[PDB]
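First, one chain by itself: the form deposited without the partner chain, in structure tokens.
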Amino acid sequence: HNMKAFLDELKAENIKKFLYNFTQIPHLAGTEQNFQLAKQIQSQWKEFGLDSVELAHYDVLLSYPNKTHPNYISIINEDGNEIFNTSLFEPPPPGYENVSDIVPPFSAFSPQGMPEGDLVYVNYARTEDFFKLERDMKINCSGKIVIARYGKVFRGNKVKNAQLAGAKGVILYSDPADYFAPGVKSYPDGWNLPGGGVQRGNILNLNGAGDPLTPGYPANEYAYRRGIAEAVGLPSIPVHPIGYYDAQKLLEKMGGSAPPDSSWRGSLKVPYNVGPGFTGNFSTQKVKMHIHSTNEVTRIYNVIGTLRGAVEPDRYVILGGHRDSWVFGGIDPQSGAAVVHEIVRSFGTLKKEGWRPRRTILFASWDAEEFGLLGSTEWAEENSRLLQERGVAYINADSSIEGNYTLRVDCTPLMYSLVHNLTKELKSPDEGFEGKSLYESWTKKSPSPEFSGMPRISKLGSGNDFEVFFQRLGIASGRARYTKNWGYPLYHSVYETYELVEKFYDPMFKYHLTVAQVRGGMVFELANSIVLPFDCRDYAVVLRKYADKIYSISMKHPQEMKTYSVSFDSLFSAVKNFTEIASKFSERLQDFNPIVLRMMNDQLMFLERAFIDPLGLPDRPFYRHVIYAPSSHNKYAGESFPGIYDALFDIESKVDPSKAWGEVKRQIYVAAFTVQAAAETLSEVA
């Protein structure tokens, strides 16, 4: 009973069976169907052999369209007539036109409203897009409806950016330039987005809070909830998404200024005029939104399975991914959840033969991830003390594939070595690499920008269920999935089905199987290796990289750094110290008795934990990791030394430079202190 045994028990055919089983009806959070799937998963995980399997439920704020009062957008003429209306549903996929309860496209958590106004086209609605509109083009968004294309950044950042600019409404759409791959056919004949396809998705700005009504505390039966008016993260203007057929109708009459350059033009046969408003003929027509969605406190259910550790049952390695989907979830998330199900099945087969892992493994099927990571965050708020004193690692398990080209890993530097070592022992599934390792194919296809002969591994960002574990609690975290050659066209649409995956992404299920071996093999090592498989020297390498980068951003303002005596010396000193201490620690780790071992492993487990500042980042108390936080411009992207980065952002625009530069210095001191403090956790303990 070893890792090879675990890995050999995983079967592509089983992943395929489970994916099919998980994707025949929609499993939207808060619905009957998703409770039923949770019950099924709990039953099967027990049958698979876990020691215990429980549902953990919470009553959280969710959001749904009004069934009898649909959401839509109009062009209205001056007479008041609605002369063009967007579509009320996506044409359902072949063979699914009778499935009940497909939720129509909507932006979850939109407030209600029927605003009317002139359209302004804001490109991707990124921070830089609004800067370009307002500062360079002198175009004023206040009181206008903005239309923005999806992509580049999390949609919630788009809405926040629109709000701050004074917009009274947001219309989101998928441009073929971003969601239609050239040379491939639309679903059902290929994997491309049809013009009637629409990306659903929440538009919250929770900054890691979880349920908007109970930030800090689990939404259990006796919770005291904020009123809607004080809820965290809800947008203050109506928002609705549409497909590119409808978008074309809204964009074609656009007047005002031309697009500032070609980076602002998508693929529709439309000028991409920024506005405000329409051209001459139609300058009297307007855009009207009709949004009637309601926010509703609704029960959600996590499935939590436990495989007790033989030696350190009080040390937890967690494999977690969500189960709730927008409609059928053929990729998002069931391609990940089917992989988790087969991982549980394999571990349980070993267990039934008398094996147990050294440490406890917890398996999680999270609910309401699509509505703001609510299920993972509420459970972690409930269990925060257990997690912070016992949590070894968290491996996420959302969609296993978003392409069929190569591997994509985003993790803490603590697991870089683990990931290199594991992938060297796994067979590549790729054409042209038969008989060669996954490591070889991945490094060949996705080389490191810095080191020859190594693969790219990215920082963790946010916007998935690892966020509370890593960014709030400081538990070492990672994720891995197959990706494209550098999202995917049918993301969050009704066309993400079992057939999309089985026909176009992974017909042999070999990419699913490889991802199962990576996620499963990581959890196996973390739960069974005698010494935890973390290399602190890898952190010392990246900290230097990030310190160089942040210093180079500051050095765009040399005169201000002289005037205000802005020095990075403390941060560099801390990083140098971390490097030296980590080096000594690594020598002792190889050169040593279970208390020494357990004292040692605790140093490795609490090293990620040491980067947490209990005071949080400014105005973001649930983002506490001083090295990594979600980017303030794009929740999906990771930022390093985010406190310093945000202090320096757009600093030349601040009215009181002394105060702005003071706050940069304050952030340098906080970062330097935290790096040194983390380093000292690796010093000899007495």
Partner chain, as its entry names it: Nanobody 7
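Numbering follows the first chain given and starts at 1.
Only in words, not in the display: the form solved in complex with the partner chain, which the text now covers.
Given a 4.5 Å cut-off on heavy atoms, tell me which of 326-334, 550-558, 176-184, 265-273 is the interface stretch with the partner chain in the bound PDB entry. Selected stretch: 550-558.
In the bound PDB entry, does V575 have a heavy atom within 4.5 Å of the partner chain? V575: yes, in contact with the partner chain in the bound PDB entry.
Should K545 be classed as touching the partner chain in the bound PDB entry when contacts are defined as heavy atoms within 4.5 Å? Result yes; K545 sits at the interface with the partner chain in the bound PDB entry.
With the partner left out here, check for me: in the bound PDB entry, does some heavy atom of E587 sit within 4.5 Å of the partner chain? Close contact is absent here: in the bound PDB entry, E587 is far from the partner chain, nothing within 4.5 Å, heavy atoms only.
If you check in the bound PDB entry, is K562 within 4.5 Å of the partner chain, heavy atoms only? Taking the distances in the bound PDB entry, the answer for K562 is yes, it comes within 4.5 Å of the partner chain.
Answer with one of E434, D261, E450, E353: the residue that has a non-hydrogen atom within 4.5 Å of the partner chain in the bound PDB entry. Looking at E434, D261, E450, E353 one by one, just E450 meets the 4.5 Å heavy-atom criterion.
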